[PDB]
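Undergrad: Next comes the structure file upload_11.cif, holding mmCIF, C-alpha atoms and all ligand atoms.
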```cif
data_upload
loop_
_atom_site.label_atom_id
_atom_site.label_comp_id
_atom_site.auth_asym_id
_atom_site.auth_seq_id
_atom_site.Cartn_x
_atom_site.Cartn_y
_atom_site.Cartn_z
CA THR A 700 -8.06 165.77 62.53
CA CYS A 701 -11.23 165.13 64.64
CA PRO A 702 -12.64 168.51 65.65
CA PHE A 703 -12.93 169.36 69.35
CA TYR A 704 -16.74 169.75 68.95
CA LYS A 705 -17.07 166.01 68.14
CA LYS A 706 -15.25 164.91 71.34
CA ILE A 707 -16.95 164.33 74.71
CA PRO A 708 -14.49 165.38 77.56
CA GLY A 709 -13.69 162.72 80.21
CA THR A 710 -14.78 159.74 78.12
CA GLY A 711 -13.40 157.62 75.30
CA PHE A 712 -16.51 158.78 73.32
CA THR A 713 -16.84 160.62 69.99
CA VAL A 714 -20.06 161.77 68.17
CA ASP A 715 -20.50 161.57 64.39
CA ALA A 716 -16.71 161.27 63.75
CA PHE A 717 -16.08 158.52 61.20
CA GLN A 718 -13.95 160.28 58.54
CA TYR A 719 -10.65 160.91 60.50
CA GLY A 720 -9.42 157.29 60.70
CA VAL A 721 -8.69 155.83 64.08
CA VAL A 722 -9.32 158.55 66.65
CA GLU A 723 -6.60 158.19 69.38
CA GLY A 724 -8.29 157.28 72.68
CA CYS A 725 -11.74 156.56 71.27
CA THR A 726 -13.24 153.32 72.61
CA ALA A 727 -16.78 154.06 71.21
CA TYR A 728 -18.00 155.98 68.20
CA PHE A 729 -21.64 157.24 68.60
CA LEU A 730 -23.76 157.92 65.50
CA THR A 731 -26.78 160.32 65.92
CA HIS A 732 -28.50 159.56 62.60
CA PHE A 733 -28.13 158.13 59.09
CA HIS A 734 -27.30 161.27 57.07
CA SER A 735 -24.08 161.17 54.94
CA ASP A 736 -22.17 164.19 56.30
CA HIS A 737 -22.62 162.45 59.79
CA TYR A 738 -21.82 158.81 58.86
CA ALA A 739 -19.06 159.74 56.24
CA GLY A 740 -16.36 157.09 56.70
CA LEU A 741 -18.33 153.94 57.73
CA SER A 742 -18.03 150.79 55.59
CA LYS A 743 -18.13 147.03 55.88
CA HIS A 744 -14.50 147.31 57.14
CA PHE A 745 -15.22 149.19 60.39
CA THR A 746 -14.07 147.18 63.44
CA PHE A 747 -14.79 149.48 66.42
CA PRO A 748 -17.97 149.70 68.45
CA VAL A 749 -20.82 151.87 66.99
CA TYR A 750 -23.59 152.89 69.34
CA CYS A 751 -26.82 154.14 67.80
CA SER A 752 -30.63 153.77 67.77
CA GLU A 753 -32.22 150.53 66.51
CA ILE A 754 -33.27 152.15 63.23
CA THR A 755 -29.89 153.61 62.60
CA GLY A 756 -28.38 150.11 63.23
CA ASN A 757 -30.80 148.53 60.60
CA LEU A 758 -29.40 151.18 58.10
CA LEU A 759 -25.76 150.52 59.00
CA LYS A 760 -26.19 146.74 58.59
CA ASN A 761 -28.36 146.68 55.43
CA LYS A 762 -27.21 149.78 53.48
CA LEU A 763 -23.50 150.14 54.35
CA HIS A 764 -22.99 146.43 55.33
CA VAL A 765 -21.41 146.92 58.75
CA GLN A 766 -21.11 143.59 60.67
CA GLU A 767 -23.71 142.66 63.29
CA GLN A 768 -21.02 142.37 66.02
CA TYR A 769 -19.78 146.06 65.82
CA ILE A 770 -23.28 147.60 65.78
CA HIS A 771 -24.67 148.26 69.29
CA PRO A 772 -28.26 149.60 69.14
CA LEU A 773 -29.80 151.14 72.31
CA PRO A 774 -33.50 151.74 73.07
CA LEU A 775 -34.74 155.24 73.64
CA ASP A 776 -35.74 156.80 76.90
CA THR A 777 -33.81 154.15 78.86
CA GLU A 778 -30.82 154.52 81.21
CA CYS A 779 -27.95 152.41 79.77
CA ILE A 780 -24.39 151.84 80.93
CA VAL A 781 -21.80 152.11 78.12
CA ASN A 782 -18.19 151.27 79.13
CA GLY A 783 -18.90 152.40 82.71
CA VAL A 784 -20.70 155.64 81.71
CA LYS A 785 -24.50 156.12 82.06
CA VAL A 786 -26.12 157.36 78.75
CA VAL A 787 -29.66 158.00 77.49
CA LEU A 788 -30.90 158.31 73.85
CA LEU A 789 -33.84 160.73 73.22
CA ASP A 790 -35.91 161.23 70.09
CA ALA A 791 -34.47 164.21 68.13
CA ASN A 792 -37.58 164.94 65.99
CA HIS A 793 -35.29 165.00 62.86
CA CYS A 794 -35.38 161.97 60.44
CA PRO A 795 -36.20 158.32 61.26
CA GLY A 796 -33.80 156.90 63.86
CA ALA A 797 -32.29 160.30 64.76
CA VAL A 798 -31.35 160.75 68.43
CA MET A 799 -30.01 163.19 70.94
CA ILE A 800 -27.56 161.75 73.51
CA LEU A 801 -27.38 162.54 77.27
CA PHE A 802 -24.03 161.68 78.91
CA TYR A 803 -23.66 161.50 82.73
CA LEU A 804 -19.92 161.82 83.48
CA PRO A 805 -18.37 160.15 86.61
CA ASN A 806 -17.37 163.66 87.90
CA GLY A 807 -21.02 164.74 87.90
CA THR A 808 -21.05 166.83 84.73
CA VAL A 809 -24.11 166.24 82.45
CA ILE A 810 -23.81 166.80 78.67
CA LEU A 811 -26.53 166.87 75.99
CA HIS A 812 -25.52 166.41 72.34
CA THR A 813 -28.53 167.24 70.08
CA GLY A 814 -27.21 165.70 66.94
CA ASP A 815 -29.52 167.16 64.26
CA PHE A 816 -32.89 168.14 65.87
CA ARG A 817 -36.12 170.13 65.47
CA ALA A 818 -36.76 171.48 68.94
CA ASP A 819 -40.27 171.02 70.32
CA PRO A 820 -42.09 171.88 73.57
CA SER A 821 -42.68 168.19 74.24
CA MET A 822 -38.91 167.94 75.01
CA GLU A 823 -39.35 170.14 78.07
CA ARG A 824 -41.22 167.18 79.75
CA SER A 825 -38.72 164.41 78.78
CA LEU A 826 -35.90 163.00 80.97
CA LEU A 827 -34.11 166.28 80.32
CA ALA A 828 -36.46 167.92 82.86
CA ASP A 829 -35.05 165.76 85.76
CA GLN A 830 -31.61 167.45 86.20
CA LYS A 831 -29.23 170.20 85.31
CA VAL A 832 -27.31 170.05 82.03
CA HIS A 833 -23.96 171.82 82.06
CA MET A 834 -22.78 171.62 78.37
CA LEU A 835 -24.97 171.70 75.17
CA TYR A 836 -23.61 170.62 71.80
CA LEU A 837 -26.18 172.39 69.55
CA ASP A 838 -27.56 171.95 66.00
CA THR A 839 -27.28 175.57 64.89
CA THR A 840 -28.34 175.08 61.20
CA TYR A 841 -30.98 177.89 61.35
CA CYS A 842 -29.45 180.06 64.13
CA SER A 843 -30.49 183.46 62.65
CA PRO A 844 -33.72 185.49 63.04
CA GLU A 845 -34.68 185.41 59.35
CA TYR A 846 -35.30 181.64 59.60
CA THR A 847 -38.99 181.43 60.33
CA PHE A 848 -40.96 178.58 58.90
CA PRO A 849 -44.34 177.06 59.46
CA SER A 850 -45.20 173.89 61.52
CA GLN A 851 -44.87 170.51 59.83
CA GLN A 852 -48.61 169.92 60.35
CA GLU A 853 -49.42 173.18 58.41
CA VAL A 854 -47.13 172.26 55.53
CA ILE A 855 -48.57 168.68 55.40
CA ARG A 856 -52.10 170.10 55.35
CA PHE A 857 -51.25 172.28 52.26
CA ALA A 858 -49.76 169.28 50.45
CA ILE A 859 -52.70 166.90 51.17
CA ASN A 860 -55.06 169.59 49.78
CA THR A 861 -53.13 170.57 46.61
CA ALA A 862 -52.74 166.91 45.68
CA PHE A 863 -56.31 165.82 46.42
CA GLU A 864 -57.85 168.71 44.40
CA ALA A 865 -55.47 168.16 41.42
CA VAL A 866 -56.15 164.39 41.25
CA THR A 867 -59.90 164.80 41.84
CA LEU A 868 -60.01 167.31 38.90
CA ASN A 869 -57.75 165.14 36.69
CA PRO A 870 -57.82 161.40 37.56
CA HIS A 871 -54.90 160.81 35.12
CA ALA A 872 -52.50 163.21 36.99
CA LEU A 873 -49.34 161.93 38.71
CA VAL A 874 -47.99 163.13 42.08
CA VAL A 875 -44.17 162.91 42.23
CA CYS A 876 -42.11 163.53 45.35
CA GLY A 877 -38.45 164.39 45.49
CA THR A 878 -36.05 162.63 47.92
CA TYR A 879 -32.20 162.06 48.49
CA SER A 880 -31.74 160.75 52.00
CA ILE A 881 -34.00 159.52 54.67
CA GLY A 882 -36.26 162.28 56.15
CA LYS A 883 -39.52 163.93 55.15
CA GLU A 884 -41.45 160.64 54.75
CA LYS A 885 -44.55 162.20 56.11
CA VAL A 886 -44.85 164.43 53.02
CA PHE A 887 -45.11 161.52 50.65
CA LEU A 888 -46.86 159.09 53.00
CA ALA A 889 -49.60 161.67 53.81
CA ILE A 890 -50.32 162.40 50.10
CA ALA A 891 -50.51 158.64 49.26
CA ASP A 892 -53.02 158.07 52.09
CA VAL A 893 -55.42 160.89 50.94
CA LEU A 894 -55.18 159.54 47.32
CA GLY A 895 -55.74 155.86 48.27
CA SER A 896 -52.39 154.85 46.67
CA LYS A 897 -49.13 153.08 47.75
CA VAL A 898 -46.10 155.16 46.96
CA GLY A 899 -44.00 153.61 44.22
CA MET A 900 -40.21 153.81 44.21
CA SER A 901 -36.90 152.23 42.99
CA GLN A 902 -35.49 149.06 44.61
CA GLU A 903 -32.75 150.96 46.62
CA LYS A 904 -35.28 153.49 48.00
CA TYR A 905 -37.70 150.67 48.99
CA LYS A 906 -34.69 149.05 50.67
CA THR A 907 -34.03 152.17 52.76
CA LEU A 908 -37.67 152.50 53.84
CA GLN A 909 -37.94 148.81 54.91
CA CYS A 910 -35.29 149.49 57.71
CA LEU A 911 -37.39 152.17 59.46
CA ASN A 912 -39.95 150.51 61.92
CA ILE A 913 -42.83 152.32 60.29
CA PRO A 914 -45.92 150.33 61.23
CA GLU A 915 -47.90 148.61 58.52
CA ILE A 916 -45.25 149.72 56.00
CA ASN A 917 -46.11 146.72 53.74
CA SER A 918 -49.51 148.36 53.16
CA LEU A 919 -47.93 151.78 52.17
CA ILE A 920 -44.94 151.34 49.74
CA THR A 921 -44.21 149.31 46.54
CA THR A 922 -41.66 148.60 43.76
CA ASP A 923 -44.39 148.35 41.12
CA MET A 924 -44.50 151.89 39.74
CA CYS A 925 -47.29 151.23 37.27
CA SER A 926 -49.79 150.29 40.00
CA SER A 927 -49.30 153.60 41.84
CA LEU A 928 -49.97 157.33 41.50
CA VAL A 929 -47.57 158.80 44.05
CA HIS A 930 -43.99 158.25 42.84
CA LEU A 931 -40.66 159.04 44.48
CA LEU A 932 -37.75 160.11 42.32
CA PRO A 933 -34.27 161.48 43.03
CA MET A 934 -34.24 165.22 43.77
CA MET A 935 -31.50 165.40 41.05
CA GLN A 936 -34.28 164.31 38.68
CA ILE A 937 -36.98 166.83 39.88
CA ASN A 938 -36.85 169.18 36.89
CA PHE A 939 -38.51 169.61 33.45
CA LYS A 940 -35.86 167.72 31.41
CA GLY A 941 -36.06 164.97 34.10
CA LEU A 942 -39.85 164.96 34.64
CA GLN A 943 -40.80 165.07 30.93
CA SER A 944 -38.51 162.07 30.46
CA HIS A 945 -40.04 160.32 33.49
CA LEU A 946 -43.57 161.09 32.20
CA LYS A 947 -42.53 159.51 28.85
CA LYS A 948 -41.39 156.33 30.71
CA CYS A 949 -44.84 155.54 32.17
CA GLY A 950 -46.29 154.55 28.77
CA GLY A 951 -49.18 156.92 28.00
CA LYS A 952 -50.71 156.41 31.48
CA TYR A 953 -50.75 159.95 32.94
CA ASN A 954 -51.27 163.29 31.23
CA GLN A 955 -50.13 165.61 34.06
CA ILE A 956 -47.33 165.47 36.71
CA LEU A 957 -47.77 167.46 39.90
CA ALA A 958 -44.47 167.29 41.85
CA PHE A 959 -43.29 168.45 45.32
CA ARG A 960 -39.72 169.50 46.38
CA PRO A 961 -39.50 169.56 50.22
CA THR A 962 -36.71 172.07 51.00
CA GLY A 963 -35.78 173.44 54.45
CA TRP A 964 -35.51 177.22 53.94
CA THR A 965 -35.19 179.27 50.75
CA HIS A 966 -35.19 183.14 50.65
CA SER A 967 -38.86 183.32 49.48
CA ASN A 968 -39.66 182.33 53.16
CA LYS A 969 -38.99 186.01 54.02
CA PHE A 970 -41.76 187.46 51.77
CA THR A 971 -44.53 184.89 51.07
CA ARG A 972 -46.68 182.76 53.43
CA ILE A 973 -47.42 178.98 53.03
CA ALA A 974 -51.06 179.50 51.81
CA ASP A 975 -49.82 181.74 48.94
CA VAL A 976 -47.08 179.57 47.32
CA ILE A 977 -46.88 179.01 43.51
CA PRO A 978 -45.14 176.52 41.17
CA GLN A 979 -43.03 176.67 37.97
CA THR A 980 -44.93 175.38 34.87
CA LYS A 981 -43.54 174.14 31.54
CA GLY A 982 -46.53 172.51 29.87
CA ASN A 983 -48.46 169.69 31.57
CA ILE A 984 -45.79 169.45 34.41
CA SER A 985 -45.87 171.63 37.63
CA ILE A 986 -43.08 171.69 40.35
CA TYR A 987 -43.89 172.93 43.94
CA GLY A 988 -41.08 173.72 46.47
CA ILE A 989 -42.36 173.22 50.05
CA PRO A 990 -40.60 174.43 53.23
CA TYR A 991 -40.79 171.23 55.19
CA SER A 992 -38.01 171.44 57.82
CA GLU A 993 -36.49 168.79 60.01
CA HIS A 994 -34.33 171.36 61.85
CA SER A 995 -35.28 173.97 64.55
CA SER A 996 -36.50 177.42 63.45
CA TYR A 997 -34.68 180.32 65.16
CA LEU A 998 -37.55 180.79 67.61
CA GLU A 999 -37.82 177.02 68.32
CA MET A 1000 -34.12 176.81 69.07
CA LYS A 1001 -34.22 179.92 71.28
CA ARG A 1002 -37.10 178.67 73.40
CA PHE A 1003 -35.46 175.27 73.91
CA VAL A 1004 -32.07 176.79 74.94
CA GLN A 1005 -33.74 179.35 77.32
CA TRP A 1006 -35.62 176.53 79.01
CA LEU A 1007 -32.48 174.30 79.30
CA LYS A 1008 -30.18 177.06 80.65
CA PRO A 1009 -26.93 175.30 79.95
CA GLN A 1010 -23.69 176.68 81.45
CA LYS A 1011 -21.92 176.30 78.12
CA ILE A 1012 -23.03 176.00 74.39
CA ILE A 1013 -20.91 174.45 71.67
CA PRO A 1014 -22.34 174.89 68.06
CA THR A 1015 -21.89 171.90 65.70
CA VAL A 1016 -23.14 173.60 62.41
CA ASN A 1017 -21.91 176.71 60.54
CA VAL A 1018 -18.68 176.69 62.53
CA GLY A 1019 -16.32 176.90 59.52
CA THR A 1020 -16.08 180.79 59.36
CA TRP A 1021 -15.21 183.36 61.99
CA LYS A 1022 -18.14 185.53 60.95
CA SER A 1023 -20.64 182.74 61.59
CA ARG A 1024 -19.13 181.79 64.95
CA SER A 1025 -19.07 185.37 66.12
CA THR A 1026 -22.70 185.96 64.99
CA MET A 1027 -23.99 182.87 66.91
CA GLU A 1028 -22.20 183.81 70.19
CA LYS A 1029 -24.00 187.22 70.05
CA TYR A 1030 -27.36 185.47 69.86
CA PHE A 1031 -26.46 183.14 72.69
CA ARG A 1032 -25.57 186.20 74.91
CA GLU A 1033 -28.83 187.97 73.92
CA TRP A 1034 -30.79 184.90 74.96
CA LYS A 1035 -29.00 184.51 78.32
CA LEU A 1036 -29.46 188.21 79.21
CA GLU A 1037 -33.17 188.17 78.36
CA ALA A 1038 -33.76 185.05 80.49
CA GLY A 1039 -31.42 185.59 83.52
CA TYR A 1040 -29.43 182.30 83.61
NI NI B 1101 -29.37 165.52 59.39
#
```
Can you dump the structure from the file as structure tokens?

TA:
Amino acid sequence: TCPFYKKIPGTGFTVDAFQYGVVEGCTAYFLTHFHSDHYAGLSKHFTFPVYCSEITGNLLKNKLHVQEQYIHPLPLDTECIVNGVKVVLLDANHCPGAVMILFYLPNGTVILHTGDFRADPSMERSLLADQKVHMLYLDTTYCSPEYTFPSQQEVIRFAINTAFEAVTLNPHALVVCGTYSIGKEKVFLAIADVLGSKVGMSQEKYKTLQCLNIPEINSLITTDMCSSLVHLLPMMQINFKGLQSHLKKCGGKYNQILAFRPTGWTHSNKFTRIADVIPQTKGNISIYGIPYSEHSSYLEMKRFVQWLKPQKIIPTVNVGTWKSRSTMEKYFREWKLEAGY
């Protein structure tokens, strides 16, 4: 049954709750972003309102085939009335189309649901700054002090450099980039731009990217693999048995694959910096794992929460075990005591 942490008190509203059938008393199902654990349940046979960003609506319509009439996109940063309740959608700094939602209840309570987010200082000067928020439904994916990671701009810098040097040394080298969902487009789009290439991909992956309101996208992606030296493949295929094979498929056109795997955190974050990363090499192929995150670091989350000073915090990730729940509450208390809310 729909968990309590996906229900907004004093509304007929639920958040990211599509896999429990008809939720009793739900007049509106919000969707924060197009990642499968969050949309699990939607199909062409959904006949209840869905409220989401414009980009998310393009993905619902074109990838899952939901019918134009049941998709209600809202603009960002704009006060909207939904079934007699004022809401606002804010950019979550997660994947394309991902939002946070602000709900202003008739009784005067104000609730922020983060969806999935990477907290940033720029959020402290958004519409959030204009009033008190009482309840915070929080993306706690990396809510532990070991989770440090660098800035996206640092990680993208590294990648642009590795690739440029490798291709300038060997003009017949391929850059491959691993993907499974939307997210992390900047990794591959940045490398393509330094190399003067479009990024080549399958027809389904091209389909996904054409929903995203990226400007000038027609100049940046293609379905013609042969014309292109940055390629996207499945992350299930980013390995030696899979790369070798893929290098065979190109028809004696490249003699070296340099590939990137953009992961959130892995335990080699604790001991090695970004400047001093190495790859795994079997022959002419080399695979690099890069810590590109679209979720808050521990410190990023902590700063945001200490600035917001909510009266109550409900975690939405890592809630399945008592040990995890207990561990997060301890951090929340630490934070509150240090700050004096
Ligand atoms: Ni997500």

Undergrad: Show me which residues sit within 7 Å of ligand NI 1101 (chain B) when counting only C-alpha atoms and all ligand atoms, and put them as an NGL selection string.

TA: :A and (732 or 734 or 793 or 815)

Undergrad: How many Å separate atom CA of residue 934 of chain A from atom CA of residue 879 of chain A?

TA: 6.0 Å

Undergrad: Can you measure atom CA of residue 996 of chain A to atom CA of residue 795 of chain A for me? One decimal in Å is fine.

TA: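 For atom CA of residue 996 of chain A relative to atom CA of residue 795 of chain A, the distance reads 19.2 Å.
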
Undergrad: Taking only residues of segment 914-989 of chain A that have an atom at most 9 Å from an atom of segment 881-890 of chain A, what is each one's shortest atom pair and its distance in Å to one decimal, using all atoms listed in the file, in chain and number order, as a Markdown table?

TA:
```
| residue | atom | partner | partner_atom | distance |
| --- | --- | --- | --- | --- |
| A:919 | CA | A:888 | CA | 7.4 |
| A:920 | CA | A:888 | CA | 8.6 |
| A:929 | CA | A:887 | CA | 7.6 |
| A:930 | CA | A:887 | CA | 8.5 |
| A:931 | CA | A:887 | CA | 8.0 |
| A:959 | CA | A:886 | CA | 8.8 |
| A:961 | CA | A:883 | CA | 7.5 |
```

Undergrad: Using atom CA of residue 817 of chain A and atom CA of residue 791 of chain A as the two end points, give the distance in Å to one decimal.

TA: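 Straight-line distance from atom CA of residue 817 of chain A to atom CA of residue 791 of chain A works out to 6.7 Å.
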
Undergrad: Could you check which of A:979, A:967, A:914, A:891 is closest to residue 855 of chain A, using only C-alpha atoms?

TA: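 Checking each of A:979, A:967, A:914, A:891 against residue 855 of chain A, counting only C-alpha atoms, the winner is A:891.
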
Undergrad: When you look at residue 965 of chain A with a cut-off of 12 Å (counting all atoms listed in the file), what residues show up, excluding the ones that are within fewer than 5 positions of it in the same chain? I need them as a ChimeraX atom specification.

TA: /A:841,845-848,960,970-971,988-992
